[PDB]
């Protein structure tokens, strides 16, 4: 079985029984086909993976942080397959390959379309191409059905907030790609190239989204300071009480089929 990953070509003959994944989107793809990875780089907090993914798989052993995986922890788990992030693990790819065959796919900075493509490649590598293809079709039909149920032209915008500031997730980010697939309108430029936009108070006023969904990375954060500005109450999301705090793990960290379906259910619960 052979796929094209970001280093060229990845091939594997045996069905991998012990998989260690180094990014959350890889856990999502495995969980969608009832495969439990033996190791996950969960930043030493398994709750950073959404419950919709964890409810479908057995617990795993942490291999540390996504930015700095512990190759010592990975080796002790004795994997037959490693799924590494292209961006995050280029430096350790050769090191990981000596532990086990390493599949090098994109997750950090992936679009919604690229995520589904990486899920299909993961299904081939683990020996579940037919089951992964089927599950991807079910996902596309499910999203298309949520899009039919959504009948709003309101602009909906997600962004992460912290004491450092606010970063909006544009149509090109994963969360934006999920909203575009669901027919949800965006208040940002159609030609926006950056997935994460450093957001000033002026841009938030200029954008003025009908729904502002915020994932909190700290308490207090930049919104608490912006609320002290008298102009903040003029925002549509403030008047209509449509500035909602959502799960930062879901909207910002957990790209995948199970998260995209959770985002749609979360959005349905918010549109009523």
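Positions refer to the first chain, counted from 1.
Requested in this report: Read off the CA B-factors in the entry, average them over 64-72 and over 232-240, and name the higher stretch.
Outcome: Stretch with the greater average CA B-factor: 64-72.
Query raised in the report: Comparing 41-49 with 208-216, where is the mean C-alpha B-factor higher?
Result: The stretch with the larger mean CA B-factor is 41-49.
Query raised in the report: Hey, out of 111, 141, 191, 131, whose CA B-factor is highest in the deposited coordinates?
Result: Of the options given, 191 has the highest CA B-factor in the PDB entry.
Query raised in the report: By the record's CA B-factor, is residue 25 among the lowest, middle or highest third of residues in the chain?
Result: It falls in the bottom third of the chain.
Query raised in the report: What third of the chain, by the recorded C-alpha B-factor, contains residue 175?
Result: Residue 175: CA B-factor falls in the middle third of its chain.
Query raised in the report: Considering only modelled residues of the same chain, in which third does the CA B-factor of residue 186 rank: lowest, middle or highest?
Result: It falls in the middle third of the chain.
Query - residue 78, C-alpha B-factor rank within chain (lowest, middle or highest third) - result: As the PDB entry reports it, the C-alpha B-factor of residue 78 lands in the highest third of its chain.
Requested in this report: Report the third (lowest, middle or highest) to which the CA temperature factor of residue 160 belongs, ranking only the modelled residues of the same chain.
Outcome: Answer is lowest: the recorded C-alpha B-factor places it there.
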